[PDB]
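Below is one structure, written out as structure tokens; the observations come after it.
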Amino acid sequence: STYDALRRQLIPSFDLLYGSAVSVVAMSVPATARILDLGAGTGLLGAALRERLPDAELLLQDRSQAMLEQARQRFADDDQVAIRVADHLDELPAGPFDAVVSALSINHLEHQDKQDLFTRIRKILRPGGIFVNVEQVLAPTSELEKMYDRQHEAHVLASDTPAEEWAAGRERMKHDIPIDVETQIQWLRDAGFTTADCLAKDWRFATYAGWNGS
Ligand SMILES: Nc1ncnc2c1ncn2[C@@H]1O[C@H](CSCC[C@H](N)C(=O)O)[C@@H](O)[C@H]1O
């Protein structure tokens, strides 16, 4: 409620970017899809997926028990949601999966571990399966990165975000290892995804996807 409201204040085009992730999954997988949610946190993208796909099986995983406890509370009464404590770097669940989704999590990995993860994700996707990332992305240059930062700050100020939460936000972003969206899209092609695309973008934040065969 307050947490979800705060995420909208901190994330430019939250509805467009998380909404695009939901819409592209809904147009790519069945009603009864098996979906892996990597770095699920409180399960915010999971909640948006459940609203669109009431019959989908969600497996939420994260390295943080504390974050997954928030996801457990959110989905307390949902018998089609499982929770697994697992780092991105730990062995993935067997599969197959119709979709693997992630929001604002994969940027925390070293670049080589991102490329390895994309390869490992495709292995657990059925043919026609989709990988979707709602991601913090780096500008191609230092000058454009400053412009990305100004536009992010403009949203946070316009959204009337508490100064203490924005302060906390900037501190958490120090541990992020973002790269530009086109590099990551090319990495999906390198990983053997036949199609990769940026569906939606608001400067620093982008929704991109890869398809396993289609
Ligand atoms: N190496 C790693 N393996 C697994 N989870 C990781 C991780 N590095 C970061 N995370 C998780 O990634 C999340 C980033 S915050 C995003 C949370 C949620 N997907 C949302 O959109 O709101 C946190 O829950 C953090 O614990």
Side-chain angles (χ1 to χ4, degrees), residues 1-28 35 37-52 67 99-109 111 114 117-118 121 130-189 193 195-211:
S1 290
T2 297
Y3 177 83
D4 290 9
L6 175 54
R7 297 308 292 175
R8 290 156 168 269
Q9 292 179 303
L10 291 173
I11 303 160
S13 292
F14 180 92
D15 286 351
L16 170 62
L17 297 181
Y18 280 71
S20 291
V22 168
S23 292
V24 74
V25 170
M27 287 187 291
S28 299
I35 306 180
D37 187 357
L38 294 177
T42 72
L44 188 48
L45 180 54
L49 282 169
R50 170 57 77 239
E51 177 173 59
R52 178 65 185 84
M67 292 300 294
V100 177
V101 304
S102 194
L104 307 185
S105 187
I106 290 169
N107 67 77
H108 293 253
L109 298 179
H111 294 326
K114 295 189 183 78
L117 179 60
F118 289 180
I121 286 171
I130 192 175
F131 168 64
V132 182
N133 198 8
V134 185
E135 194 54 288
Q136 184 199 145
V137 295
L138 193 66
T141 69
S142 294
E143 277 309 295
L144 199 38
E145 179 57 20
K146 180 56 183 184
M147 291 183 194
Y148 276 37
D149 200 58
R150 293 296 305 258
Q151 281 287 291
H152 188 186
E153 198 158 76
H155 168 76
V156 170
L157 294 182
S159 298
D160 191 37
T161 310
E164 58 267 24
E165 296 298 340
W166 176 227
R170 278 203 173 284
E171 179 63 16
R172 285 194 302 276
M173 286 180 75
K174 300 194 184 298
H175 304 102
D176 301 358
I177 317 178
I179 196 155
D180 66 281
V181 69
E182 284 316 318
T183 298
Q184 294 174 70
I185 285 169
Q186 184 50 48
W187 287 345
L188 288 174
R189 302 193 182 101
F193 289 90
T195 306
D197 194 44
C198 184
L199 300 160
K201 191 170 188 290
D202 185 349
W203 295 72
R204 170 170 283 162
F205 298 90
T207 302
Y208 68 90
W211 288 264

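Numbers for residues simply follow the sequence, beginning at 1. All heavy atoms count here, side chains included; hydrogens, waters and symmetry mates do not.
Distance CZ/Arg204 to CD/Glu153: 9.5 Å, rounded to 0.5 Å. Expressed to the nearest 0.5 Å, how far CD1 of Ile11 lies from CG of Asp202 amounts to 11.0 Å. Taken to the nearest 0.5 Å, the CD atom of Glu145 stands 11.0 Å off from the CD atom of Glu143. The distance from atom CD1 of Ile35 to atom CD1 of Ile130, rounded to the nearest 0.5 Å, is 10.0 Å. Between the CG atom of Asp176 and the CG atom of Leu109 there is a distance of 11.0 Å, given to the nearest 0.5 Å. Note that the CG atom of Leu199 and the CG atom of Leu16 stand 10.0 Å from one another [nearest 0.5 Å].
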How far apart are the C-alpha atoms of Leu45 and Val132, what are their side-chain angles, what is the distance that settles it, and do they pass the side chain to side chain contact (heavy atoms under 4.5 Å, CB included) test?
-> CA-CA 11 Å; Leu45 180 54; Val132 182; 5.9 Å; no
Worked verdict on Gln9 versus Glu165 for side chain to side chain contact (heavy atoms under 4.5 Å, CB included) = CA-CA 10 Å; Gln9 292 179 303; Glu165 296 298 340; over 6 Å; no
Would you check, one step at a time, whether the test salt bridge (charged side-chain N to carboxylate O under 4.0 Å, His left out) holds for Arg170 with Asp149?
-> CA-CA 10 Å; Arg170 278 203 173 284; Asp149 200 58; 2.9 Å; yes
List the steps and the verdict of side chain to side chain contact (heavy atoms under 4.5 Å, CB included) for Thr183 and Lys114.
-> CA-CA 11 Å; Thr183 298; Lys114 295 189 183 78; over 6 Å; no
Between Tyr148 and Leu138, does a side chain to side chain contact (heavy atoms under 4.5 Å, CB included) hold up when you go through it step by step?
-> CA-CA 8 Å; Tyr148 276 37; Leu138 193 66; over 6 Å; no
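Across all their heavy atoms, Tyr3 and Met67 have their closest contact at OH-CE, 4.2 Å. In terms of heavy atoms, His152 sits closest to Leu10 at NE2-O, 2.7 Å. A pairwise comparison of heavy atoms in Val181 and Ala206 identifies CG2-CB, 4.0 Å as the closest pair. Listed here is the closest heavy atom pair of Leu17 and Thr207: O-OG1, 2.8 Å. Closest of all the heavy-atom pairs between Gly39 and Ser105 is CA-OG, 3.3 Å.
Counting heavy atoms from C-beta outward, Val137 and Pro178 have side chains that stay 4.5 Å or more apart. Between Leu38 and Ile121 there is a side-chain heavy-atom pair separated by less than 4.5 Å. The shortest side-chain heavy-atom distance between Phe14 and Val134 does not fall under the 4.5 Å cut-off. In this structure, the side chains of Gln186 and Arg189 come closer than 4.5 Å at one or more pairs of heavy atoms. Side-chain atoms of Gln136 and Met173, non-hydrogen and from C-beta on, do get closer than 4.5 Å to each other. Counting heavy atoms from C-beta outward, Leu6 and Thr161 have side chains that approach closer than 4.5 Å. Residues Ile185 and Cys198 meet the side-chain proximity criterion, which asks for heavy atoms closer than 4.5 Å. With contacts defined as side-chain heavy-atom distances shorter than 4.5 Å, the pair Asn107/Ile177 does not qualify.
The backbone N or O of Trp211 lies less than 3.5 Å from no partner atom in the side chain of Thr195, so there is not a single donor-acceptor pair.
Classification of the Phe193-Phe131 ring pair by plane angle, with boundaries at 30° and 60°, yields tilted. Using the six-membered ring where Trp is involved, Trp187 and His111 have ring planes that are tilted, between 30° and 60° apart.
Ring to ring, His155 and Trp166 are not that close: their centroids are 6.0 angstrom or more apart.
Atom CD of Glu164 has more than 12 neighbouring heavy atoms from other residues, nucleotides or ligands inside a 6.0 Å radius.
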